[PDB]
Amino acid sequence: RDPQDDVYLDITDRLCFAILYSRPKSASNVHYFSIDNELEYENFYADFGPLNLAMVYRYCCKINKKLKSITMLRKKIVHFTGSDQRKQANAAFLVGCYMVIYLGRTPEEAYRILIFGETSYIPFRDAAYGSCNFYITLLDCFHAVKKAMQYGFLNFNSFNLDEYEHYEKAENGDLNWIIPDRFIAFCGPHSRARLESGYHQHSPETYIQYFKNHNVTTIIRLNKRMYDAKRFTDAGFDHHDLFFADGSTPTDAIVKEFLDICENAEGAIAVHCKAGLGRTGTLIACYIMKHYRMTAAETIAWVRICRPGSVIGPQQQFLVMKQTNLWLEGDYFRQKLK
């Protein structure tokens, strides 16, 4: 909170990252640009990030674009951020993503570089009300982005930006692919549409088309019963209701049923609860820790980047706790199939 705490960090020979608490000075051979007011996080409650995949992908495009322009090839590109600690965490998050994804840096190396100036980044909070019981750091986000690359969760060579932005809007179904070709999360569908104003309650019909074309063969409902399962099954969808207390954690019986349904579905699975964030995100994170052996923090990070707001309150503790157990379940699983 003082232009004394200003800091410049080198990313590449031409790219620089700056945290300025004042007016960026200019220069004829330095180009300054900020995304503090360009790629903003749409918060639920006290959460302030991280930014979703779309914005991450947009940022990577802006960097590549700026490094390619003939008008600035002889200039240093400086990505600056201001005095808002939450904006700093996001801008730092984006540079980190760029190093991991396009540069070939490791999560640890990108993190080293980001804290070289001794900058003290505040860690990402959850979307619950009141005190946070768990925090995900920039390093936790870098490992997640890294593994998403290795396992095919992220591919900026094929990522469809307009598709991602179209379907996250409430008026189009508020949905997100968590794992491409395998897991989608969406807002609970209400029996009988109401796509008209103040509301954006979707009936199962605006999902059936998209679902079929992307091979969704299964549907799990964690929400309470707002529609008759029939409306989805009647279209060839296998449906399941693993109901359990809203905002609460799943019993192991439920976690095992979920993993069972999933481990056996024949295509992609669409999961939803009421907001398609908390309960939904919690169970999908479960499948990922067991099958990709990622930490609770890396998983929660990946899931929130795909669908901001996922995993809330006591849900985070649950994942953190169940981690060791899901890691081993997957261990045994992988070997049984061998």
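So that there is no doubt, residue numbering starts at 1 and follows the sequence shown.
The mean Cα B-factor in the deposited entry runs higher for 236-244 than for the other of 126-134 and 236-244. Averaged over their C-alpha atoms, the temperature factors of 68-76 and 89-97 are higher for 68-76. The maximum CA B-factor among the listed residues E163, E108, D181, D228, taken from the PDB record, is found at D228.
Residue-level inspection of the entry shows that, of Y199, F116, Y121, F159, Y199 has the top Cα B-factor.
When all modelled residues of the chain are sorted by CA temperature factor, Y207 is found within the highest third. The deposited CA B-factor of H31 belongs to the lowest third of values across its chain. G104: CA B factor in the middle third of modelled residues in this chain (values from the PDB entry). Ranked against the other modelled residues of its chain, the C-alpha B-factor of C187 as given in the entry falls in the highest third. The PDB entry assigns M289 a C-alpha temperature factor belonging to the middle third of its chain's modelled residues.
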